[PDB]
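Asks: before I ask anything, here's the sequence and the deposited coordinates:
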Amino acid sequence: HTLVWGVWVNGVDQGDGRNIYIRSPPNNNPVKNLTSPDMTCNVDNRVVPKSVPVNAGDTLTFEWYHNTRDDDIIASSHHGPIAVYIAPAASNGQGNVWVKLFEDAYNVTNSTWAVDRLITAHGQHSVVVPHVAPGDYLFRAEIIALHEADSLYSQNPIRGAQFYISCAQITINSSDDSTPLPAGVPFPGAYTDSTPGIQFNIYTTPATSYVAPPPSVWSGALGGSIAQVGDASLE
Ligand SMILES: OC[C@H]1O[C@@H](O[C@H]2[C@H](O)[C@@H](O)[C@H](O[C@H]3[C@H](O)[C@@H](O)[C@H](O[C@H]4[C@H](O)[C@@H](O)[C@H](O)O[C@@H]4CO)O[C@@H]3CO)O[C@@H]2CO)[C@H](O)[C@@H](O)[C@@H]1O
Ligand SMILES: *[C@@H]1O[C@H](CO)[C@@H](O)[C@H](O)[C@H]1NC(C)=O
Ligand SMILES: [Cl-]
Ligand SMILES: [Cu+2]
């Protein structure tokens, strides 16, 4: 159970974004139905008043929270991968529009999933703003918690993969547009019961054998990281 408080840009806290520049759900319950419109931007998708100014090459850091800002973020049981997608606000999430800018499942070195490291990072994980057309965008961050993904939701609706999904509104001002955005996958749609990473047993199977759901990370992506970039406690 977790949600996004707001964002930092190049290490600068942009202030509470909830229902302002983040299209927030009313609470931190997971999305589990794979065919539902809720897979787009969670249970309350609608244009909100504000959109954060950034430029290509900026570092955009999402900040997640559990109950209060900078609390314990998400419960330690929710082991799983983290992804960020982008789409034009044009689309409002609809159609074949979502391009993946980032994916992080399991790190063999430190033997931590992305979620474990997100807790350590005080809920902060980042992506570098790519060189796409200036304009308005949604950045969709998605945490897949797999603590019950040994089952499928379609077959047993009290279990299944859990999706904690949050769309930010981002306006990209300066960009040379060296990497124009391609068409993407739809949500709902790209994840189905048969898609890998959706059904997996983290209790019996080892985390190095985990393979995150597709699609793959767009070549025009400029990476990202899971790590604290500013102290929320100083505000
Ligand atoms: O640990 C392995 C075990 O996990 C089992 O699943 C557990 C989870 O481990 C556990 O974290 C989860 O806890 C949830 C709880 O069910 C929710 O009711 C609670 O929701 C709160 C929310 O936390 C608050 O922020 C909000 O204000 O109110 C809501 C409503 O009360 O959130 C916590 C997580 O933070 O419970 C699961 C039980 O299904 C698996 O079932 C098992 O297979 C694994 O072995
Ligand atoms: C899942 O979502 C679809 C589309 O909204 C819905 O019609 C269906 O009733 C939902 N499935 C379950 C199992 O609740
Ligand atoms: Cl949960
Ligand atoms: Cu939860």
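Replies: The structure has been received and is ready for your questions. Residues are numbered from 1 along each chain as shown. Ligands and ions are numbered 1, 2, ... in the order given.

Asks: and the nearest residue to residue 72 once chain neighbours are set aside, what is it in contact with?
Replies: Computed as C-beta to C-beta, 6 or more residues apart in numbering, the closest residue to residue 72 that is not its neighbour in sequence is residue 66, at 5.3 Å. All C-beta atoms are positioned from the backbone trio N, CA, C, and that covers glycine. Each residue near residue 66 by C-beta atoms under 8 Å, 6 or more residues apart in numbering is listed here: 1-3, 28, 72-75.

Asks: swap the cut-off to 7 Å and go again
Replies: Contact partners of residue 66, counting by C-beta atoms under 7 Å, 6 or more residues apart in numbering, are 1-2, 28, 72-74.

Asks: helix, strand or coil for the residue nearest the centre of the chain?
Replies: Centroid-nearest residue in the chain: residue 141, 1.4 Å away (criterion: C-alpha atoms, centre = their mean). Of the three states, residue 141 takes strand under DSSP: H, G, I helix; E, B strand; the rest coil.

Asks: hmm, it is touching residue 84, no?
Replies: Yes: contact criterion C-beta atoms under 7 Å: residue 141 and residue 84 qualify, at 5.2 Å.

Asks: next, residue 233: phi, psi?
Replies: Backbone dihedrals for residue 233, given as degrees, to the nearest 10, come out at phi -60, psi -20.

Asks: let's number from 802 now, not from 1
Replies: OK, 802 is where the count begins now, so the last one is residue 1034.

Asks: and it, how many neighbours does it have?
Replies: Neighbour count for residue 1034, taken as other C-beta atoms under 10 Å: 8.

Asks: residue 944 versus that one, what's the distance?
Replies: 23 Å (C-beta to C-beta, to the nearest Å).

Asks: for residue 930, which non-adjacent residue is spatially closest?
Replies: Nearest one to residue 930, counting by C-beta to C-beta, 6+ apart, is residue 859 at 4.4 Å.

Asks: for residue 1012, that is, sorry about that
Replies: residue 997 (5.2 Å).

Asks: any idea how far that neighbour is from residue 949?
Replies: Residue 997 is 17 Å from residue 949, by C-beta to C-beta.

Asks: more crowded one of the two?
Replies: When neighbours are counted by other C-beta under 10 Å, residue 997 and residue 949 differ, and residue 949 comes out ahead with 18 against 11.
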